[PDB]
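Here you get one chain, nothing else, as structure tokens; it is the form deposited in one PDB entry.
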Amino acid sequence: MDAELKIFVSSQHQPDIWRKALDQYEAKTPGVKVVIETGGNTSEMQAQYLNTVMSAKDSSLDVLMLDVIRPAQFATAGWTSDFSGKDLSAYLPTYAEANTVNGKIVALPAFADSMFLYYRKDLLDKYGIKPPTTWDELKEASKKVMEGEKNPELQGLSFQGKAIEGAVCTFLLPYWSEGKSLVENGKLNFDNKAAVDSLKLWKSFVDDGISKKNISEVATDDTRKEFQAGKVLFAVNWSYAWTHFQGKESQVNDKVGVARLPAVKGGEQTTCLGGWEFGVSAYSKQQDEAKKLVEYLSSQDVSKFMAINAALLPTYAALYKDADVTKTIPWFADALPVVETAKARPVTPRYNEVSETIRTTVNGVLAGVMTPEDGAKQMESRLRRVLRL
């Protein structure tokens, strides 16, 4: 009989392109069929679903696509089958480390990611503006362009203010730029002023009219779609957005530039480390076939295919200089130093509680139901119960 493998893929991760790679796998693997089980758009919705099926020890899923912040939970829970003993030296060290927990290899890298500043190069060029290196320059650039365009639909800055995993990244961008860390040598290190100032920064974009009043409703792919429609001057987003901006359903083909995120004044242009990996469910009754599929999907050939066809950043350093990759997406040639210096969200088996605390504080401030000052005190108090002190 055919082995019918089930692989969990987010609806936001371009399952139609993964399907092409899976079709190739089936064509070369007799007796194996793969079916995509669709996940929610954002990482924390995926986590709620996976917590439910893994807690029930449901055997139906075989391969799981997991966010870079998941390995500590999934390793300590015993929810994946480990690859320990495997040499990960072919992958970027960043992701070899992310997928190793207590020496146990919990998953194999799927693709890399980091946050970038997308900008409308046609608009900046019309107004004679260079890509901003600080959020303050970004504000001034937005005010000049918006006043000039007199376009009621043009947003200055789109970022993620919904209570989603991406809003954790939102909060940490200015915090890290100012040089602060949330976890220092394994212990919680919370800087109240920098936390308040991060929350105040995002709120100031809304208060000043540079971001729309309902940014508290905006998720990752909402930013993507609104910029793609031509309605946004500046967007914070991940690498996949590029393939959509240059695709057949775009209003901004050939009008998009990519830059590093702005810094706070006197800070560094830091960004958030993202990316995904493939795990074999510990409850799968297809352990052998599932492991073989993961080894294929995490191969250099598939990494190259997904970079070219889905703008997913590769997990192999050499692919950032591959002539086909850079012919398709020239700026990938400059992306590796951004990925390798991107800052990491906290590594903890209790990451879901950290995420829930931070993203709900961000969303509450942006929705106007909590002050930045109260938000930072609530965040610190709640994180002190979850993270080592």
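Only the largest set of C-alpha atoms that superpose within 1.5 Å between the two forms is called the rigid core. Counting begins at 1, following the sequence as shown.
The next section is about a form of this same protein that is not shown, the form deposited in another entry.
*Asks:* When the rigid core of both forms is overlaid, which of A194, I210, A310, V256 is the one whose C-alpha moves 2 angstroms or more between the shown form and the other one?
*Replies:* Flagged residue: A310.
*Asks:* After core superposition, I'd like to know whether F171 moves between the shown form and the other one (criterion: C-alpha shift of 2 angstroms or more).
*Replies:* Stays below the 2 Å threshold, so no.
*Asks:* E340: after superposing the rigid core, is there a C-alpha shift of 2 Å or more between the shown form and the other one?
*Replies:* Comparing the forms between the shown form and the other one, which are aligned on their rigid core, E340 does shift its C-alpha by 2 Å or more.
*Asks:* So that I can tell if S81 moves, could you say whether its C-alpha shifts by at least 2 Å between the shown form and the other one after the core superposition?
*Replies:* Yes, the C-alpha position differs by at least 2 Å between the shown form and the other one.
*Asks:* Explain in one word, closer or farther, how the Cα atoms of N41 and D222 are placed in the other entry relative to this form, where the distance changes by 3 Å or more.
*Replies:* Farther apart in the other entry, by 3 Å or more.
*Asks:* Note whether the distance between the C-alpha atoms of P337 and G257 decreases (closer) or increases (farther) in the other entry, against the displayed form; the change is 3 Å or more.
*Replies:* Closer: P337 and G257 approach by 3 Å or more in the other entry.
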